[PDB]
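**Q** Following this line is my_file.cif, made up of mmCIF, C-alpha atoms:
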```cif
data_query
#
loop_
_atom_site.label_atom_id
_atom_site.label_comp_id
_atom_site.auth_asym_id
_atom_site.auth_seq_id
_atom_site.Cartn_x
_atom_site.Cartn_y
_atom_site.Cartn_z
CA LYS E 1038 0.00 0.00 0.00
CA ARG E 1039 2.99 2.33 0.38
CA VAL E 1040 3.69 4.20 -2.85
CA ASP E 1041 6.94 3.70 -4.79
CA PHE E 1042 8.28 0.67 -2.93
CA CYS E 1043 7.91 -2.08 -5.55
CA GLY E 1044 7.90 -0.60 -9.04
CA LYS E 1045 6.44 2.70 -10.23
CA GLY E 1046 2.66 3.01 -9.85
CA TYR E 1047 0.02 0.83 -8.26
CA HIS E 1048 1.23 -2.65 -7.34
CA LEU E 1049 -0.24 -6.03 -8.30
CA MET E 1050 2.31 -8.75 -7.46
CA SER E 1051 5.95 -9.75 -7.89
CA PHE E 1052 8.01 -12.80 -8.79
CA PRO E 1053 11.55 -13.50 -7.51
CA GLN E 1054 14.43 -15.05 -9.42
CA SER E 1055 17.91 -16.09 -8.35
CA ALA E 1056 21.24 -14.62 -9.44
CA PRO E 1057 24.90 -15.57 -8.96
CA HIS E 1058 25.11 -13.42 -5.81
CA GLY E 1059 21.68 -11.87 -5.38
CA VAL E 1060 17.99 -11.76 -6.17
CA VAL E 1061 16.03 -10.17 -9.02
CA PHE E 1062 12.41 -9.09 -8.61
CA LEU E 1063 9.88 -8.76 -11.44
CA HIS E 1064 7.11 -6.39 -10.33
CA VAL E 1065 3.75 -6.22 -12.12
CA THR E 1066 2.35 -2.68 -12.00
CA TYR E 1067 -0.74 -0.83 -13.25
CA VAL E 1068 -0.69 2.51 -15.08
CA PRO E 1069 -3.70 4.53 -16.34
CA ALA E 1070 -3.86 6.87 -19.33
CA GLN E 1071 -6.19 8.26 -22.02
CA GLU E 1072 -7.77 10.91 -19.82
CA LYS E 1073 -10.65 13.35 -20.32
CA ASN E 1074 -11.74 16.67 -18.78
CA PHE E 1075 -15.40 16.66 -17.63
CA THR E 1076 -16.83 19.04 -15.01
CA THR E 1077 -17.26 18.37 -11.29
CA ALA E 1078 -19.29 19.58 -8.30
CA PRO E 1079 -18.92 18.66 -4.61
CA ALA E 1080 -22.58 18.01 -3.72
CA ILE E 1081 -26.10 18.19 -5.14
CA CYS E 1082 -28.93 20.23 -3.63
CA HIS E 1083 -32.48 18.90 -3.95
CA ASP E 1084 -35.63 19.75 -1.97
CA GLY E 1085 -33.47 21.76 0.42
CA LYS E 1086 -31.28 18.74 1.25
CA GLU U 988 71.10 8.51 9.14
CA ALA U 989 68.88 10.62 6.88
CA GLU U 990 67.24 7.47 5.53
CA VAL U 991 66.32 6.55 9.12
CA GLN U 992 64.81 9.94 9.93
CA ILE U 993 62.89 10.06 6.64
CA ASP U 994 61.60 6.53 7.25
CA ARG U 995 60.31 7.49 10.71
CA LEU U 996 58.58 10.62 9.42
CA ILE U 997 57.08 8.77 6.43
CA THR U 998 55.64 5.93 8.50
CA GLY U 999 54.15 8.32 11.06
CA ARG U 1000 52.48 10.46 8.41
CA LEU U 1001 51.19 7.37 6.59
CA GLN U 1002 49.63 6.04 9.81
CA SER U 1003 47.91 9.38 10.44
CA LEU U 1004 46.55 9.46 6.88
CA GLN U 1005 45.23 5.90 7.22
CA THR U 1006 43.40 6.81 10.43
CA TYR U 1007 41.82 9.85 8.77
CA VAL U 1008 40.66 7.77 5.79
CA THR U 1009 39.08 5.16 8.06
CA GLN U 1010 37.18 7.86 9.97
CA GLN U 1011 35.95 9.33 6.69
CA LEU U 1012 34.70 5.91 5.58
CA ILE U 1013 32.70 5.42 8.79
CA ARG U 1014 31.17 8.88 8.46
CA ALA U 1015 30.26 8.22 4.82
CA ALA U 1016 28.46 5.02 5.78
CA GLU U 1017 26.46 6.82 8.47
CA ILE U 1018 25.52 9.65 6.09
CA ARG U 1019 24.43 7.10 3.48
CA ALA U 1020 22.10 5.46 6.01
CA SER U 1021 20.61 8.82 7.01
CA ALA U 1022 20.08 9.89 3.40
CA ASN U 1023 18.42 6.57 2.56
CA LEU U 1024 15.98 7.13 5.43
CA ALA U 1025 15.31 10.68 4.24
CA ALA U 1026 14.69 9.52 0.67
CA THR U 1027 12.27 6.86 1.91
CA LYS U 1028 10.33 9.41 3.97
CA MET U 1029 10.20 11.89 1.08
CA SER U 1030 9.02 9.24 -1.38
CA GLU U 1031 6.32 7.76 0.86
CA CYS U 1032 4.91 10.73 2.82
CA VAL U 1033 4.95 13.43 0.10
CA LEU U 1034 3.79 11.65 -3.06
CA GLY U 1035 1.11 9.81 -1.07
CA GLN U 1036 -0.59 9.42 2.31
CA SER U 1037 0.86 7.33 5.14
#
```
So, in terms of structure tokens, how does the structure I just supplied come out?
**A**
Amino acid sequence: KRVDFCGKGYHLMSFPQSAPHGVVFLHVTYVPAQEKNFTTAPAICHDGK
Amino acid sequence: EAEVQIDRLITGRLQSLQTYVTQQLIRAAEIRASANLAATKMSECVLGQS
């Protein structure tokens, strides 16, 4: 849940692999794109509520 | 005798330099640890919520 600890972006899982004198992690991340603009409001008034 | 005096001076100065280098190495290790902690805090508390 901590940001920028395993990979860059939201985290899904990881797989380890061995090395001659170490370990190599393969992290699977998730990255959004293809945005829009829209228009927003914080709340909606109706019947005084 | 000049070889003897120069040898004494050289070995003393070399020992002092070695001690200084060792102290610098220890300080560098400590500073590296502190900077790693600072980088972790900056990356996790600023770009997100803890």
**Q** Applying the PyMOL selection byres ((chain U) within 9 of (chain E)) to the file I just gave you, which residues come out? Please list them as a list in words.
**A**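 On this input, the PyMOL selection byres ((chain U) within 9 of (chain E)) captures residues 1027, 1030, 1031, 1032, 1034, 1035, 1036 and 1037 of chain U.
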**Q** Suppose you want the space between atom CA of residue 1051 of chain E and atom CA of residue 1067 of chain E; what is it in Å?
**A** 12.4 Å
**Q** Could you please determine the separation between atom CA of residue 1033 of chain U and atom CA of residue 1047 of chain E in Å, to one decimal place?
**A** 15.9 Å
**Q** Can you tell me how far atom CA of residue 1025 of chain U sits from atom CA of residue 1012 of chain U, in Å to one decimal?
**A** 20.0 Å
**Q** Can you list, as a PyMOL selection string, every protein, DNA or RNA residue that comes within 10 Å of residue 1063 of chain E when you count all atoms listed in the file, leaving out same-chain residues fewer than 5 positions away?
**A** chain E and resi 1043-1044+1050-1054
**Q** Please enclose the listed atoms of segment 1006-1018 of chain U in an axis-aligned box, pad each side by 4 Å, and write out the centre and the three edge lengths in Å, rounded to one decimal, as JSON.
**A**
```
{"center_x": 34.5, "center_y": 7.4, "center_z": 7.6, "size_x": 25.9, "size_y": 12.8, "size_z": 13.6}
```
